[PDB]
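Q: As a preliminary step, the opening chains of the complex are given here in situ:
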Amino acid sequence: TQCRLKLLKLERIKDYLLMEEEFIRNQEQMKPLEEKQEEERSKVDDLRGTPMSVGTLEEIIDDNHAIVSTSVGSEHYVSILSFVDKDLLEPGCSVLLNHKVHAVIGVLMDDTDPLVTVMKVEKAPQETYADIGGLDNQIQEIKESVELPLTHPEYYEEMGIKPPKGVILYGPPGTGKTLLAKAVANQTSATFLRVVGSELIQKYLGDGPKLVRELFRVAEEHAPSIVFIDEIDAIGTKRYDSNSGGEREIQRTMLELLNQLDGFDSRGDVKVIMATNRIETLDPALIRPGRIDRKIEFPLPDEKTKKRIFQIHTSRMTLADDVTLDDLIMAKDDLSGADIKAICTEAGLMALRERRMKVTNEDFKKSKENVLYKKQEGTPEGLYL
Amino acid sequence: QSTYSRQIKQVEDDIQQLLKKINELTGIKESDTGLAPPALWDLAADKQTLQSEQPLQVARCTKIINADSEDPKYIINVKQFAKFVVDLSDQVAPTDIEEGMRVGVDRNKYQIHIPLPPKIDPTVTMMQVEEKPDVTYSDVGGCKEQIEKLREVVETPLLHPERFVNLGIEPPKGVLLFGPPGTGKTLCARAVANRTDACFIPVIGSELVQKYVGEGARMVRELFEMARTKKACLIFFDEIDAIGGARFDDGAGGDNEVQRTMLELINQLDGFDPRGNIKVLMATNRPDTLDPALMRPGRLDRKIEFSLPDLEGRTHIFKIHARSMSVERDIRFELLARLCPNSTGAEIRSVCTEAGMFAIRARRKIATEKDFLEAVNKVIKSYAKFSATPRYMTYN
Amino acid sequence: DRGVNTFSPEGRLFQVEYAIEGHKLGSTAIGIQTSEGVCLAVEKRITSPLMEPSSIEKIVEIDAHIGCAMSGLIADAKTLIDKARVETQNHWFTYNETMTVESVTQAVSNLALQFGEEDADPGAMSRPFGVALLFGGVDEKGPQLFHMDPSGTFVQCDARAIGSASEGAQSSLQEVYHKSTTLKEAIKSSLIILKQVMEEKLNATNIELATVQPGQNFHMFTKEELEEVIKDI
């Protein structure tokens, strides 16, 4: 609190000085730039010809040509002349063409995919590491399997042969499978692409094998990388029609995965991380190793583990030092992560009704008896069963 | 940690905001990307603007029609999707303008300036073929009989068609690959491709079937034609249960999609002209789950056996996997191989690798015999169980 | 349901081919025929040190002179043994001679394939059995070991092993054993393959061994006599 504060105040102030110093450089201070670069720009823009019509640079031919596809609608076989070199152009990028007669002027700009924008979500877990404790042994494993062959090459090189190519995170929700993928990805800072399994089965047919191959192929280009496939139970569970359920849809998606991961087309040291809450839906071929390598199983929380699982939920909320953990272990046990989330939410819910804007032991206790009953009730009790 | 997380959250927020302004503002600051060697090229570039032959428009020649009255007529499809008929190149050979060949034609005059390298006629077929690596026999377990037939059938007629003439048969049009999965079939397939110096083109059956059927038909035909241009090639169709599944068509299911794509492939197998020395290799679980209709046995030739490793058989794969790897061991390859039940090759291969991951856990950096012993017990249980559907009731 | 009349174009049932995979997850059984007896070895499957080997067995009596050790799916073995036990005792009153090891194996073999999706009765099934049984006993033709399998075929064998890997456990047994040999060497040969195919290793509460000599009754081994056979693995 007070110990932190002097340094915090200083960091914000160091950053202020940094902002203010930029303004003086762009406006007044020049030495190599001068009036001279201003004129270089004018002279280059007029020769270059504004508007510049966008193209995409697929590949460069060394003889003073390039093969461009103009983005207007009809492609052109241009020359590489005027303010760029063959090597200065880079593949899969957006380039400037002279509008009057198309020769490729150059690459200032890069082209991002339309696909990647939607898929992508930023890397960082909202529950900090070493506070996703509780099955603490398990948390370590993912750091070893996906993160490590990319972070540290030393062990792998001495070990020899093929590295890992995935992990599968499975078992009851609430043991934090999403938080783990995000941690390793954060650390490496490998582009984290994220798609829910339900996107694999949508109304249009063959979208599933299509999305998954494009997603991977994009991961290889933007490599090293982490692909997260969140909650692949949907394949069978969902259908918009007869064609969208059933064997053709289920097979095509599974079949694509098999070729993509270790098969002919392969992948680099790009890892796929799969979250699944049921491996009942998943086959023995995607639970096969060497395209999954170590599988991580989370079991139901143990009596001692349950106290550590409860702490994580309590940390996101307000920090308890007045909750009796024994009462929770005594009342229910060998119930999911999801049950510990259920006790927490219900306490917050009763406090909300009063307009009490805290949770205390009292809110946890009052809600706790109804929640245990409620767990059993969630699955049918019928008339009187 | 509730009070501690807010402090940190605010401090980042402020520093992050300020950054937005600095980045935008600095930019590249009115510089030129080309630098000094392109200055001479600017002067050229201007001459070209005056010129009518620049810019060229890429197109493709769709069809050859003669009613010649100047110099040979060709109909090309422009990428604004207007058809135009153009004529023989200004100085280049007529033998460079062909059907399914790419050509550069003038934007302002529309006559063939220069022909270009061929193929861009399908959009989809170009997408369906993917990257090619090579892995060698060392890396793929076993020197067994099952391994040996793959080479003899694929490598020998394509490498030397001479041998196949001597016997008095043609080099296979078709070749069949069968064996249950998790045996390293794809791995073995990559390994023969390097030796033969026969290009392998990998293909996925899941791309072929699509919502409206017909795309997969044109794709398959175009795909055979491309391969036909290549000499001593293999079209390897991986993971197919479209061109690979059961023969049956429901008539309101995704089964329609399968049946069009299979049906063109039958036409291709025979060919418009035969396919002596061209191999298509197809992977199926076993030949009894493959069509009796797409399988018209004379053309397909040999069926190459691969089978699920035996207890002896897995003893053999495990020495290759271990030897390739860098490992320090005291315990032997046979013991651990007998330790495994009959299941798949894949569990037994993972042991060799898992012993290396236990070494990092153990706080070594290379494996030891105890890591090895630990790996068999966990691995046999893990991969085999906790998988597969819990129903085989009410399916077709 | 999905076809339970399912033939392949080769000319065998898919369902029978599926039946073996179940055996492979289950327990391990070794039967060896010796001139001087039949010894039967079976996995007890320890998993606590509280399970008592004398009180519970998986070497079970068909007759007071005949034993059967079971492998594969446990439920499935029990149904075959209860019909076989009565057939055997009824045989004893009538003939007044012990039942040949072959005679009992033939009866159980009828049950293995008779399945069909519909028209099922107790004599028929909805899916074929995935157990292989080693019926070992001493009769008047001498000590015999007959082997019955999931395909419902009976074969004479002087050594058969079936378990985690059926063919695997039989290949270890092919290397060691020789046809005509002493009781101790046959008992040794049964234990030795057993630990190597399994995940589990040899103990005296890990496995159960009982030996039938000719001129003896079926004896289930005492705590001490089970431990004596462990010294020679």
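A: Cool, got the structure. Residues are numbered from 1 along each chain as shown, chains lettered A, B, ... in the order given.
Q: can we go C-alpha only for contacts and neighbour counts from here?
A: Fine.
Q: can you give me the helices for the chain?
A: All of this is about chain A. Residue ranges of the helices in chain A, as given by DSSP state H, are A:2-27, A:36-48, A:114-119, A:136-142, A:148-151, A:154-159, A:177-188, A:207-221, A:234-237, A:246-261, A:303-316, A:325-331, A:337-354, A:361-378.
Q: oops, I was thinking of chain B
A: B:2-26, B:39-50, B:124-128, B:145-159, B:161-167, B:185-196, B:205-208, B:215-229, B:255-270, B:297-300, B:311-324, B:333-339, B:345-362, B:369-384.
Q: hey, which of those is tucked in deepest?
A: Ranked by mean neighbour count, the helices of chain B are led by helix B:205-208 with a mean of 24 (mean count of other C-alpha atoms under 10 Å in any protein chain shown).
Q: which helices and strands does it pack with?
A: Applying 3 or more C-alpha pairs under 8 Å, 6 or more residues apart in numbering or on different chains; DSSP states H and E, one finds that helix B:205-208 contacts helix A:207-221, helix A:246-261, helix B:215-229.
Q: what is residue C:59 paired to in the beta sheet?
A: Per DSSP bridges, the residues bridged to residue C:59 are residue C:69.
Q: how close does it get to chain A?
A: From residue C:59 over to chain A the distance is 34 Å, taken as C-alpha to the nearest C-alpha, to the nearest Å.
Q: My read is that that residue contacts residue C:70, right?
A: Yes: using C-alpha atoms under 8 Å, residue C:59 makes contact with residue C:70 at a distance of 7.3 Å.
Q: okay, and the common contacts of these two?
A: Residues touching both residue C:59 and residue C:70 (C-alpha atoms under 8 Å, 6 or more residues apart in numbering or on different chains): residue C:42.
Q: And the two? Which one has more around it.
A: Under the neighbour definition other C-alpha atoms under 10 Å in any protein chain shown, residue C:59 and residue C:70 were set side by side, and residue C:70 has more, 31 against 20.
Q: Count the neighbours of residue C:143 for me.
A: Look at residue C:143: counted by other C-alpha under 10 Å, it has 24 neighbours.
Q: include chain D as well:
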Amino acid sequence: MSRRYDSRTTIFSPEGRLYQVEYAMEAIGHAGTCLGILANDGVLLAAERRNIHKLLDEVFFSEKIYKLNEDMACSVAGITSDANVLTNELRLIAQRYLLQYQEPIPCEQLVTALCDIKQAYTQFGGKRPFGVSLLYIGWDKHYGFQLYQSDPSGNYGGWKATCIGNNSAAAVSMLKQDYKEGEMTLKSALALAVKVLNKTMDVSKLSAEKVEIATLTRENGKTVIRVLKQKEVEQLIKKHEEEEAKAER
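A: Let me put chain D in with the others:
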């Protein structure tokens, strides 16, 4: 074909339980409600008939509550159709046990025996389990006054006040709230019975035509089972007006 359908009657479903058993409970919800209440010197059944019609002739005055025996009574909660078969099985069981026993039939004994038939169908025979939960009221010496509840699931329960049929969750609590363990006598209990029926119906307004009330009261040497005539129930409908005040107060 028949091999390409599902209904998971004898076959277990992904649930671990059959569809047919769970569905039967839904049919029971939108059909007329039956409750049994305990009194100190008798037991009583009160039921809402399956007839929502405004005109009944009273051809059969058992259209919900049927008196099986001179020692027993039942109610129907569910479909009247599955009840018809069950009613005939009950007149035989109830009298058979009595021929032998010479003692008023135990409420528990009857239900467990019946529940066995309900479960027999769902498990085997390829028949669905009856869409009727039967509410048994009776008296035997070794438990005392009893009420037992029967399900299509083969579940039984020993109760002192319970209700099954429509809006059952509300109904059992409402019987608990007004009537604790051993609190209320037979006459005052008959009133309570109508009061819950007025509130809970498939279709509102409680009338003589819509209700049938049955008493088990032990008379001088015999246990007497009577279904009350429309006239008597009416005196209870005014009593039920008085009862609403009384619960609150």
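Q: Report the contact partners of residue C:35.
A: C:142, C:143, C:180, C:181, C:182.
Q: Does the second one belong to a helix, a strand or coil?
A: Three-state call for residue C:143 (DSSP: H, G, I helix; E, B strand; the rest coil): strand.
Q: Dig out what it forms beta bridges with.
A: Partner residues in beta bridges with residue C:143, using DSSP bridges, are residue C:138.
Q: Number of residues surrounding residue A:374?
A: Neighbour tally, residue A:374, other C-alpha under 10 Å: 12.
Q: Could you check how far the residue nearest in space to the middle of chain C is from residue C:231?
A: With distances taken as C-alpha atoms, centre = their mean, residue C:134 lies nearest the centre of chain C, 2.5 Å away. According to C-alpha to C-alpha, to the nearest Å, residue C:134 stands 25 Å off from residue C:231.
Q: residue in chain D nearest to chain B?
A: residue D:4 (5.5 Å; C-alpha to the nearest C-alpha).
Q: what's the closest non-adjacent residue to residue A:335?
A: Setting aside the residues directly before and after it, residue A:335 is nearest to residue A:300 in space (C-alpha to C-alpha, 6 or more residues apart in numbering or on different chains), at 5.9 Å.
Q: Is the one you found in contact with residue A:338, as I believe?
A: No: in this structure, residue A:300 is not within contact of residue A:338 by C-alpha under 8 Å, at 10.2 Å.
Q: With neighbour numbers in mind, choose between these two.
A: Just comparing residue A:300 and residue A:338: by other C-alpha under 10 Å the higher neighbour count belongs to residue A:300, 17 against 13.
Q: which residues touch the closest residue to chain C within chain D?
A: Chain D approaches chain C most closely through residue D:3 (4.6 Å), counting by C-alpha to the nearest C-alpha. Counting by C-alpha under 8 Å, 6+ apart, residue D:3 touches B:394, C:1, C:2.
Q: give me the number of residues near the last one?
A: Residue C:2 is flanked by 13 other residues according to other C-alpha under 10 Å.
Q: mind adding chain E? sequence follows:
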Amino acid sequence: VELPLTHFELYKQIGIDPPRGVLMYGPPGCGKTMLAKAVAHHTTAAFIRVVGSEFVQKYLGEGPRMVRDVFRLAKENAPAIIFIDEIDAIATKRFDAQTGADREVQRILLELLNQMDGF
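A: Putting chain E together with the chains above:
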């Protein structure tokens, strides 16, 4: 059908919570369309067969626009009735819309609904 054409002043004056579209339903051949037409000859007012057949797709973004056109002409050309026989392909339950043609069918439905609130 008849009352707002003949005398709208009466309609306005009562005060009501108006519905959007009005729905006629029964099994086919029950005379529902027949009758709406029958009244139209008796009233003496224009009729317009407005159906998915009238709507034309061949360029992307032409389909919803056509919906606006029909609505703007109807309001101009009072008294009139727009009658939709089958909204059986103007409105479908599936919109795949990864295809240009499929994407227009969804747009056509959206526009029908928004113009109809005003009408």
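Q: what do you get for the contacts of residue C:35 once chain E is counted?
A: C:142, C:143, C:180, C:181, C:182.
Q: That one and residue C:183: what is the separation?
A: Separation of residue C:35 from residue C:183 (C-alpha to C-alpha): 8 Å.
Q: Sticking with the residue nearest to the centre of chain C, tell me its helix or strand.
A: strand C:132-139 (DSSP states H and E).
Q: got the CA positions of that strand in CSV?
A: This file holds the C-alpha atoms of strand C:132-139, laid out as CSV (Å, rounded to 0.1, in the frame of the first residue of the first chain):
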residue,chain,number,x,y,z
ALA,C,132,-12.1,-66.9,-23.8
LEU,C,133,-12.2,-69.6,-21.1
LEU,C,134,-9.4,-72.2,-20.2
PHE,C,135,-11.0,-75.3,-19.0
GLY,C,136,-8.3,-77.4,-17.2
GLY,C,137,-8.9,-80.6,-15.4
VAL,C,138,-7.8,-84.2,-15.1
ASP,C,139,-9.9,-87.0,-16.6
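Q: helices or strands next to it in the packing?
A: Judged by 3+ C-alpha pairs under 8 Å, 6+ apart, strand C:132-139 is in contact with strand C:29-33, strand C:38-43, strand C:66-71, helix C:101-109, strand C:142-148.
Q: Of all these, which one is nearest residue A:288?
A: Nearest to residue A:288 among those is strand C:66-71 (26.6 Å), distances taken as C-alpha to C-alpha.
Q: what's the burial count for residue E:16?
A: 8.
Q: Kindly report the same for residue D:226.
A: Counted with other C-alpha under 10 Å, residue D:226 comes out at 17.
Q: that older thread, the strand holding residue C:134 relative to strand C:66-71, how many degrees between them?
A: 160 degrees (axes from the mean of the first three to the mean of the last three C-alpha atoms, to 10 degrees).
Q: List the contacts of strand C:132-139.
A: C:23, C:29-31, C:33, C:37-40, C:65-72, C:77, C:98-101, C:105, C:143-150, C:162, C:212-214, C:218.
Q: one more time with 6 Å
A: By C-alpha atoms under 6 Å, 6 or more residues apart in numbering or on different chains, the list of residues contacting strand C:132-139 from outside reads C:65-70, C:98, C:100, C:145-150, C:214.
Q: Cool, thanks, talk later.
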